[PDB]
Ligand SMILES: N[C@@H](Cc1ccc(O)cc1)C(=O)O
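In the block that follows, a single chain appears as structure tokens, in the form solved without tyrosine (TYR).
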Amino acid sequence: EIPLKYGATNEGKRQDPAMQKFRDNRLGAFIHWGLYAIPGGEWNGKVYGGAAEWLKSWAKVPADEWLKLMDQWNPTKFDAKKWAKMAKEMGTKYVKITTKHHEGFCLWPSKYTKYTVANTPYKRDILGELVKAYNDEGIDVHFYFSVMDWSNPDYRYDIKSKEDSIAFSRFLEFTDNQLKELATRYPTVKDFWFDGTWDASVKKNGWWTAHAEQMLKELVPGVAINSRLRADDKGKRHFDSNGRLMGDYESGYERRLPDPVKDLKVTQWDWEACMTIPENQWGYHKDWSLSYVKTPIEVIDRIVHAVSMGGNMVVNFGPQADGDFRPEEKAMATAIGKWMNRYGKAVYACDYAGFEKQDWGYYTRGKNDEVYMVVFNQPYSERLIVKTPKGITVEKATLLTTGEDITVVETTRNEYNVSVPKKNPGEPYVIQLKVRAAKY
């Protein structure tokens, strides 16, 4: 067992009310909005296929020229109340907002740099408007923050000289300052989600990552901090040199998910996944025909998958430069909202059920030991196999929407055939099981 000063703090899952809320929420939205929304993946007449928020990198644009996009930042159609209504209608219980992406442009008027919304034609504190509007709908607000900053010349990718160390030390102070500023300007913030912490410079400064976590927790009671921030004494990221999770929840599942049979270890800690609608576009890209775009059901499948393994899911949106959402994203939010309004008893405040995975879909477990079968793949056999853990029996099955009774036939010790509904629901659907544990 290795000695560590900057390794894991928490033993298991936090069980204070603020973390229980973080968890019970389950479904969130991600907002990526920054200067990248203006070119929308096109630079100097060339459309790049890579992630639009990385266009500065793909098109090799220098900082001074990239940040000159500030002069066109004037989202006339922006309306924070509209945004919050859209999130409410989607059924999202929280929103994660890009306060500052890699480009360094801040969506709040930071006093620690000139590359902020204050020095744009628009001028207004976009972040503060969003915080207020989402909080007015009862939606928690989480802050995405990129440590890596392409606008600050003191940033370093690695520490290869005493000059690199000096510059980077200044950079970390600048970062602390921005963070303290965010925490105190917007004290309803529930989470900081760090990105851009993979460079060797950061891995070599584990002490700073632990310090940032302690500092923010002192400033914001009950705040959650993601594992991605954290590096230990040895530069091991997410989980420390003793394999213990750092931060409050695991945050590595980006555009992919743990395997439902092979990655059951994830059920031992809190975790959150994120995803994109296209293959890899977080910021607004003007041409979505360049990669596969997920359908609503494909998105709903990933949401439920996450919850079935004890994790949250955050679906991403990349608003237009004008401050409105593109029509594909409006259609997505409305379709997810419709399905959650009907079946969201199986999602909100649900967790891992402890049952062996079956082909038809996923199980989730409610707060009162309800076991929901969320069916995505309808068997031609008309029978949904349910294999119970030791000592567990199924006393009843009920179609969630209609209350109708569903026949349960015992086929072996520990296994049943739960019939499909008499009328095919025509969409992914929920059967609620009543289970009993012998003297869950």
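Quick note: we count residues from 1 along the sequence shown, nothing fancier.
What comes next is about the form solved in complex with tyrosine (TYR), which does not appear here.
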- Task: Check the shown form for clashes with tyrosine (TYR): superpose the C-alphas around the site so the partner sits as in the deposited bound form, and report blocked if 3 or more ligand atoms are within 2.4 Å of backbone or C-beta atoms, open if none are.
- Result: blocked
- Query: Hey, with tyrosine (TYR) in the deposited bound form, do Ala29, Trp83 and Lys88 all fall inside the 4.5 Å heavy atom range?
  - Reply: no
- Option touching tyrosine (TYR), based on a heavy atom within 4.5 Å in the deposited bound form, out of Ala353, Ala224, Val304, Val220: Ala353
- Only one of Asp71, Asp263, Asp369, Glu328 comes within 4.5 Å of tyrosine (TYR) in the deposited bound form by heavy atoms, so just point that one out. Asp369
- Task: Using the partner position in the deposited bound form, report whether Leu67 sits within 4.5 Å of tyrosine (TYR), counting heavy atoms only.
- Result: no
- Task: Evaluate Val435 for contact with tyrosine (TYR) in the deposited bound form, applying a 4.5 angstroms cut-off between non-hydrogen atoms, and reply yes or no.
- Result: yes
- Message: Is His142 near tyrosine (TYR)? Define near as a heavy atom within 4.5 Å, in the deposited bound form.
- Response: no
- Should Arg365 be classed as touching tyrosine (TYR) in the deposited bound form when contacts are defined as heavy atoms within 4.5 Å? yes
- in the deposited bound form, which of the stretches 333-341, 306-314, 353-361, 178-186 has residues with heavy atoms within 4.5 Å of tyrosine (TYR)? 353-361
